[PDB]
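Here's the structure we're looking at; comments come further down.
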Amino acid sequence: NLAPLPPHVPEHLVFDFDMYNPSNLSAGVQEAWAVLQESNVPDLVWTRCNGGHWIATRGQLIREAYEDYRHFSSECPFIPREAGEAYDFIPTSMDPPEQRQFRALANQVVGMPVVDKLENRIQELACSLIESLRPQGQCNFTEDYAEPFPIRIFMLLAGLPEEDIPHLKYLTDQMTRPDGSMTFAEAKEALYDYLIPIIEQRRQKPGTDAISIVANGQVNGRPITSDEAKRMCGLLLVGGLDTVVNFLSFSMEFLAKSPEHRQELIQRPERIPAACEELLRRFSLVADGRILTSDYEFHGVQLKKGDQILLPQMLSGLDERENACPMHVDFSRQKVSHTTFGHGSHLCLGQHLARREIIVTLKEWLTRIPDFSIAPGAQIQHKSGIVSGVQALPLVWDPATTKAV
Ligand code: HEM
Ligand SMILES: CC1(C)[C@H]2CC[C@]1(C)C(=O)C2
Ligand SMILES: [K+]
C-alpha cells in the first residue's frame, strides 16, 4: 500500500505514481509515464508508493539535478531505498571527484576504438541471424533477435561462455524489473558469486578479453583492487544484458505498426542514423535517480536531507517544453532533444556500441525483410521498472516479399 506522508511534504504536491506498476500501463509504458506531464500536475511531485520519494517531471529540472552532484548524490541511485543502499557498482555509485578515474578504464573495453574493432563481427552476426529467420515467415522478435544479438556480442567481448546466458539474464532482470523472488541485494550478491572466481582466474592468467583488461587495469596510476574490478564488471554485465536488448523491441514494435516510417527508411537508408536518434528520444527507457545530501530549496520546494528523488531520463525527451508534439515520431525533426543516455558526469560510456548495434539492426533487417506486421489479434504488453521493456513481440511477414542478400 502507501507510505505515510512526511511532515515537510505539503498535501497539494502528492501524486501517487508507482514506477514498477503504473496505472495506464496498457496504453504503452512511455504513455503511462507521460501522465506526470499533464496540465494538473506540478514540476515536482511526491509519491507515497515504494517507500515514498520525489519525482521531477520536466526536462529542465532533470538536467539541473544531474549537473548538481553536490546536492544530488549517486550514492543511493535506485528506488526503493534498500535497493539503492545495496547498490555499489562502479562508477555509477560514486560522485565526482573519485568516480572520474574509473571512467577511463571502462572506456578501454566498451569505448569507440573497441567498437571499431568489433564492427566486423557485429555485421556478421546480424546478417546471420536475420537470414536464418527470413524463410520462416515469423518470429518472437524478443527471443529470436533482440536478446541473442546484443548478448552474444557482449559474451564475445567479455570472454564468457554462451551457455551461461540464461542464468545471467535472469539475475540482471531482477535488479531492473523485480518479480519478488529475489531482493536487489540477493541478485547482486549472486552476480558477484559468479564473477569472483573468474576475476581471480584472469588475474593469474591474463587474456585480451574485457574482464582481463579491467582486472589487470590501473586507475590514475595505482593498480585496481579485486573488489573494485568486481564492482565495475558487475555494471558492464548489467549494461550489456538489459539495455539494447529492450530498446530494439520498442523500435521494432513501432516499425511494424507504421508502414510509412518503414518505407521512408527503405527509400532512403541514409536517414537511418537520424532515425536512430529520434527513436532513442521517443522510446527512451531508463529511470533512476539520486539522494539529497543536505536540505535544499529546489524551485520553491523544501527537500530534506535523506530524501530520494527519481529523475527519469525517459521524460526529458517526451516533455513538450523541449520537443513540440512529443509523442509523434518525426525523422526530419530539426533538433532532437533527449537525455536517453544520461546527463552530467555519468553520461553512458556504451552509447557508441549501442548506436552501432541499433543502426546495423535497422539497415540489415529492412534490407532483407522490408514488409512485416504484428501477428494479428496479439496484444503487445510492456513492463515498467528501472529499465522498461517488452514481454513478447510476435511478428509475421510473407517470405515471398523478402530478399536474400
Ligand atoms: C539503449 C542503450 C542504453 C541506454 C538507454 C543507456 C543508458 C544509460 C544511462 C541513463 C546512464 C546513466 C546512469 C546514471 O546517471 O545513474 C548510463 C551509464 C552507463 N552505461 Fe549505459 N545505456 C545504454 C547502453 C549501454 C551499454 C550497451 C553498456 C555497455 C556495457 C552501457 C554501460 C554503461 C556504463 C559503464 C555506465 C556508467 C558510467 C558512469 O557512471 O560514469 N550502457 N547508461
Ligand atoms: C542502464 C544502466 C546500465 C545504468 C542505469 C540503469 C543501469 C541498468 C545501471 O545500473 C546503470
Ligand atoms: K549504495
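Naming works like this for the C-alpha cells: A, B, ... for the chains as they're shown, residue 1 at the start of each chain, ligands 1 onward in shown order.
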Report the closest atom pair, with its distance in Å rounded to one decimal, for each residue of chain A that has an atom no farther than 9 Å from ligand 3; count only C-alpha atoms and all ligand atoms, sort by chain and then rising residue number, and write it as a Markdown table.
```
| residue | atom | partner | partner_atom_place_in_ligand_line | distance |
| --- | --- | --- | --- | --- |
| A:74 | CA | ligand 3 | 1 (K) | 7.9 |
| A:75 | CA | ligand 3 | 1 (K) | 4.8 |
| A:76 | CA | ligand 3 | 1 (K) | 4.6 |
| A:77 | CA | ligand 3 | 1 (K) | 7.2 |
| A:78 | CA | ligand 3 | 1 (K) | 8.6 |
| A:82 | CA | ligand 3 | 1 (K) | 8.9 |
| A:83 | CA | ligand 3 | 1 (K) | 8.2 |
| A:84 | CA | ligand 3 | 1 (K) | 5.5 |
| A:85 | CA | ligand 3 | 1 (K) | 4.1 |
| A:86 | CA | ligand 3 | 1 (K) | 5.2 |
| A:87 | CA | ligand 3 | 1 (K) | 4.2 |
| A:88 | CA | ligand 3 | 1 (K) | 4.7 |
| A:89 | CA | ligand 3 | 1 (K) | 8.0 |
| A:93 | CA | ligand 3 | 1 (K) | 5.9 |
| A:94 | CA | ligand 3 | 1 (K) | 8.5 |
```
Within 10 Å of ligand 2 (only C-alpha atoms and all ligand atoms), residues as an MDAnalysis selection string = chainID A and resid 77:78 87:93 172:173 175:176 234:244 285:289 313 340:342 346:350 385:387
Taking the DSSP assignment computed from this structure's backbone, write out as a ChimeraX atom specification all residues of stretch 63-290 of chain A that belong to helix (DSSP H, G or I).
-> /A:63-67,81-86,100-110,112-136,141-146,148-157,162-176,184-204,210-215,226-241,244-257,259-267,269-282
Mind checking which residues fall within 6 Å of residue A:45, counting only C-alpha atoms, ignoring those fewer than 5 positions away in the same chain, and posting them as a PyMOL selection string?
-> chain A and resi 13-14+54-55
Save the residues we just selected, C-alpha atoms, as a tab-separated table (two decimals), in the first residue's frame?
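What follows is the written file result_34.tsv:
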```tsv
chain	number	residue	atom	x	y	z
A	13	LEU	CA	2.13	18.06	-4.12
A	14	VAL	CA	1.11	14.42	-3.55
A	54	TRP	CA	10.09	12.75	-5.12
A	55	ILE	CA	9.78	12.76	-8.91
```
Give me the residues within 10 Å of residue A:323 as a list in words, counting only C-alpha atoms and dropping any in the same chain fewer than 3 places off.
-> residues 281, 316, 317, 318, 319, 320, 326, 327, 328, 333, 334, 335, 336, 337 and 338 of chain A
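Counting from atom CA of residue A:195, the distance to atom CA of residue A:142 is 26.5 Å.
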With a distance cut-off of 9 Å and only C-alpha atoms, select the neighbouring residues of residue A:17, excluding the residue or stretch itself and same-chain residues fewer than 3 positions from it, and output the selection as a PyMOL selection string.
-> chain A and resi 21-23+33+36+46-49+55
Which residues, written as an NGL selection string, have at least one atom at most 12 Å from residue A:160, with only C-alpha atoms counted and residues fewer than 4 positions away on the same chain left out?
-> :A and (151-156 or 164-165 or 168 or 194-195 or 198-199 or 202 or 207 or 209-212 or 237)
Quick one: of A:310, A:187, A:32, A:196, who's nearest to ligand 1, counting only C-alpha atoms and all ligand atoms?
->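 Closest to ligand 1, using only C-alpha atoms and all ligand atoms: A:310.
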What lies within 8 Å of residue A:279 using only C-alpha atoms, ignoring chain neighbours under 4 positions off, as a list in words?
->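 So, after excluding close chain neighbours, the residues are residues 251, 275, 283, 284 and 329 of chain A.
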Restricted to N, CA and C atoms, what would the selected residues look like written as a PDB file, in the first residue's frame?
```
ATOM      1  N   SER A 251      11.588  -0.309 -30.689  1.00  0.00           N
ATOM      2  CA  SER A 251      11.818   0.222 -32.035  1.00  0.00           C
ATOM      3  C   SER A 251      11.140  -0.585 -33.137  1.00  0.00           C
ATOM      4  N   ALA A 275      17.226   8.568 -37.896  1.00  0.00           N
ATOM      5  CA  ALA A 275      16.067   7.844 -37.390  1.00  0.00           C
ATOM      6  C   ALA A 275      16.386   7.223 -36.042  1.00  0.00           C
ATOM      7  N   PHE A 283      11.370   6.430 -27.643  1.00  0.00           N
ATOM      8  CA  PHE A 283      11.281   5.162 -26.917  1.00  0.00           C
ATOM      9  C   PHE A 283      12.396   5.019 -25.876  1.00  0.00           C
ATOM     10  N   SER A 284      12.663   6.121 -25.178  1.00  0.00           N
ATOM     11  CA  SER A 284      13.568   6.171 -24.033  1.00  0.00           C
ATOM     12  C   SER A 284      13.016   5.255 -22.939  1.00  0.00           C
ATOM     13  N   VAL A 329       6.503  10.646 -33.835  1.00  0.00           N
ATOM     14  CA  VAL A 329       7.827  10.287 -34.331  1.00  0.00           C
ATOM     15  C   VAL A 329       8.075  10.957 -35.683  1.00  0.00           C
TER      16      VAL A 329
END
```
Per DSSP on the backbone, filter stretch 147-382 of chain A down to the residues in strand (DSSP E) and report them as a list in words.
->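 Those residues are residues 218, 219, 222, 223, 289, 290, 291, 292, 296, 297, 298, 301, 302, 303, 308, 309, 310, 373, 374 and 382 of chain A.
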Filtering to C-alpha atoms, could you give me those residues as a PDB file, in the first residue's frame?
```pdb
ATOM      1  CA  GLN A 218      45.136   0.880 -13.469  1.00  0.00           C
ATOM      2  CA  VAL A 219      43.176   3.864 -12.163  1.00  0.00           C
ATOM      3  CA  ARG A 222      47.527   2.719  -8.976  1.00  0.00           C
ATOM      4  CA  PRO A 223      46.635  -0.971  -9.571  1.00  0.00           C
ATOM      5  CA  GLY A 289      17.716   8.974  -9.517  1.00  0.00           C
ATOM      6  CA  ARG A 290      19.677  10.496  -6.671  1.00  0.00           C
ATOM      7  CA  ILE A 291      19.717  11.151  -2.900  1.00  0.00           C
ATOM      8  CA  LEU A 292      19.719  14.539  -1.117  1.00  0.00           C
ATOM      9  CA  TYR A 296      17.813  22.228  -0.198  1.00  0.00           C
ATOM     10  CA  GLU A 297      15.160  24.528  -1.656  1.00  0.00           C
ATOM     11  CA  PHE A 298      14.834  23.378  -5.269  1.00  0.00           C
ATOM     12  CA  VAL A 301      10.055  23.198  -2.730  1.00  0.00           C
ATOM     13  CA  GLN A 302      11.682  22.031   0.512  1.00  0.00           C
ATOM     14  CA  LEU A 303      13.772  18.920   0.010  1.00  0.00           C
ATOM     15  CA  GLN A 308      15.298  10.191  -2.698  1.00  0.00           C
ATOM     16  CA  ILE A 309      14.332  11.859  -5.992  1.00  0.00           C
ATOM     17  CA  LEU A 310      13.577   9.957  -9.203  1.00  0.00           C
ATOM     18  CA  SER A 373       3.494  -6.763 -39.256  1.00  0.00           C
ATOM     19  CA  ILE A 374       2.467  -7.612 -35.708  1.00  0.00           C
ATOM     20  CA  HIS A 382       5.050  -3.608 -21.705  1.00  0.00           C
TER      21      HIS A 382
END
```
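Using only C-alpha atoms and all ligand atoms, the shortest contact distance between ligand 1 and any of A:260, A:95, A:38, A:228 is found at A:95.
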Looking at only C-alpha atoms and all ligand atoms, which of A:114, A:396, A:224, A:378 is the one that sits closest to ligand 1?
->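 Using only C-alpha atoms and all ligand atoms, the shortest distance to ligand 1 belongs to A:114.
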Tell me which of A:16, A:98, A:193, A:322 sits closest to ligand 1, counting only C-alpha atoms and all ligand atoms.
->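 The answer is A:98, which sits nearest to ligand 1.
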Best match for closeness to ligand 1 among A:18, A:398, A:357, A:11, counting only C-alpha atoms and all ligand atoms | A:357
Kindly indicate which residue among A:300, A:80, A:377, A:259 lies nearest to residue A:185, using only C-alpha atoms for the distances.
-> A:80
